[PDB]
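*Asks:* Just passing along the structure, written as structure tokens.
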Amino acid sequence: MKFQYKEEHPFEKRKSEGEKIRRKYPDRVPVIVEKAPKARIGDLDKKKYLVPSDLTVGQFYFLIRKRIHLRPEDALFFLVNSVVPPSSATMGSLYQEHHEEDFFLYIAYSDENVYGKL
């Protein structure tokens, strides 16, 4: 999918910011989080996150659930390079495996239709 953060910031600006963040704050990782366009769930206020490396996917899910008012029976999944990471994974481990050449990790969030209609 197309991330709006990329449309609004050219590669060299993104890469400069990403490299700076990583040099200045090596204990955290910069993450862009955007809603998959077809997902019928709420939008997050903020797209750009600087999270401690050991924050887990499940902990990020819980934070998002509170912010967009999801109930436990509502589904919520992250999609990183077309795969859904396990809730136990840390954001630092995903960053190390999947960060793009601008030194950001890009995460899409969706509902149960993350792969297409369930």
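Following the order of the structure tokens, chains are lettered A, B, ..., residues in each are numbered from 1, and ligands are numbered from 1.
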Set the distance at 12 Å and use only C-alpha atoms: which residues neighbour range 61-73 of chain A once local chain neighbours fewer than 4 positions away are removed? I'd like the list as a VMD selection string.
*Replies:* chain A and resid 33 to 35 40 to 47 55 to 57 77 to 78 85 to 91 107 to 112
*Asks:* Those selected residues, please, written with C-alpha atoms and delivered as a short mmCIF file (atom, residue, chain, number, x, y, z; two decimals), in the first residue's frame.
*Replies:*
data_model
loop_
_atom_site.label_atom_id
_atom_site.label_comp_id
_atom_site.auth_asym_id
_atom_site.auth_seq_id
_atom_site.Cartn_x
_atom_site.Cartn_y
_atom_site.Cartn_z
CA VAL A 33 1.70 3.64 11.36
CA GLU A 34 -1.13 4.19 8.86
CA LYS A 35 -4.53 2.65 8.36
CA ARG A 40 -13.41 0.08 8.31
CA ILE A 41 -11.94 1.22 11.63
CA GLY A 42 -10.93 4.53 13.13
CA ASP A 43 -7.99 6.67 12.12
CA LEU A 44 -5.17 7.43 14.53
CA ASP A 45 -4.33 11.07 15.20
CA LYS A 46 -0.59 10.50 14.88
CA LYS A 47 1.27 8.58 12.18
CA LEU A 55 7.56 -2.48 22.89
CA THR A 56 5.70 -5.47 21.57
CA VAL A 57 3.18 -5.65 18.73
CA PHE A 77 -3.71 -6.49 12.90
CA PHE A 78 -0.45 -4.94 11.72
CA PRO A 85 3.80 -10.07 12.83
CA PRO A 86 3.06 -12.07 16.00
CA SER A 87 1.89 -10.12 19.02
CA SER A 88 5.01 -11.21 20.86
CA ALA A 89 7.41 -9.57 18.42
CA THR A 90 9.15 -6.40 19.47
CA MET A 91 9.04 -3.25 17.40
CA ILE A 107 3.31 -0.51 9.50
CA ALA A 108 -0.21 -0.69 8.10
CA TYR A 109 -3.04 -1.52 10.46
CA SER A 110 -6.27 -3.21 9.49
CA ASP A 111 -9.20 -5.33 10.74
CA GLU A 112 -9.92 -8.98 9.96
#
*Asks:* Using only C-alpha atoms, which protein or nucleic acid residues come within 12 Å of range 18-24 of chain A? Drop anything in the same chain fewer than 3 positions from it, and give the result as an MDAnalysis selection string.
*Replies:* chainID A and resid 9 11:15 27:32 48:53 92 95:96 99:106
*Asks:* Next, write the just-selected residues to a file, as an mmCIF file, in the first residue's frame, keeping C-alpha atoms as the atom set.
*Replies:*
data_model
loop_
_atom_site.group_PDB
_atom_site.id
_atom_site.type_symbol
_atom_site.label_atom_id
_atom_site.label_comp_id
_atom_site.auth_asym_id
_atom_site.auth_seq_id
_atom_site.Cartn_x
_atom_site.Cartn_y
_atom_site.Cartn_z
ATOM 1 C CA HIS A 9 8.091 13.804 2.497
ATOM 2 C CA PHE A 11 13.109 10.193 0.320
ATOM 3 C CA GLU A 12 16.117 12.349 1.180
ATOM 4 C CA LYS A 13 14.237 14.252 3.905
ATOM 5 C CA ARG A 14 12.835 11.015 5.371
ATOM 6 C CA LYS A 15 16.263 9.341 5.274
ATOM 7 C CA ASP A 27 17.244 2.897 22.258
ATOM 8 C CA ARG A 28 14.077 3.540 20.203
ATOM 9 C CA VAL A 29 12.902 3.034 16.644
ATOM 10 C CA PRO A 30 10.974 5.339 14.319
ATOM 11 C CA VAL A 31 7.752 3.799 13.050
ATOM 12 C CA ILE A 32 5.145 5.102 10.596
ATOM 13 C CA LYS A 48 4.913 8.967 13.303
ATOM 14 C CA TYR A 49 5.982 7.121 16.449
ATOM 15 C CA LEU A 50 9.320 6.904 18.252
ATOM 16 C CA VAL A 51 8.906 3.755 20.347
ATOM 17 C CA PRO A 52 11.223 1.900 22.737
ATOM 18 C CA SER A 53 12.692 -1.079 20.961
ATOM 19 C CA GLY A 92 12.913 -3.245 17.507
ATOM 20 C CA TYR A 95 12.684 -2.576 12.618
ATOM 21 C CA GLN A 96 15.914 -4.573 12.277
ATOM 22 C CA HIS A 99 13.101 -0.972 8.019
ATOM 23 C CA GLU A 100 13.173 0.743 4.642
ATOM 24 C CA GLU A 101 16.081 2.618 3.110
ATOM 25 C CA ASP A 102 14.974 5.866 4.823
ATOM 26 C CA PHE A 103 15.475 4.135 8.208
ATOM 27 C CA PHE A 104 11.776 4.110 9.062
ATOM 28 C CA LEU A 105 9.693 1.007 9.755
ATOM 29 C CA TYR A 106 6.346 1.161 7.936
#
*Asks:* In Å, with one decimal, what is the gap from CA of residue 97 in chain A to CA of residue 39 in chain A?
*Replies:* 25.3 Å
*Asks:* What does the distance between CA of residue 93 in chain A and CA of residue 58 in chain A come to in Å, to one decimal place?
*Replies:*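 Pair CA of residue 93 in chain A / CA of residue 58 in chain A returns 13.5 Å.
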*Asks:* With DSSP run on the backbone, what are the strand (DSSP E) residues within chain A? I'd like them as a PyMOL selection string.
*Replies:* chain A and resi 28-35+48-52+77-79+105-110
*Asks:* Quick check, in Å to one decimal: how far apart do CA of residue 8 in chain A and CA of residue 116 in chain A lie?
*Replies:*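 Spanning CA of residue 8 in chain A to CA of residue 116 in chain A is a straight-line distance of 26.9 Å.
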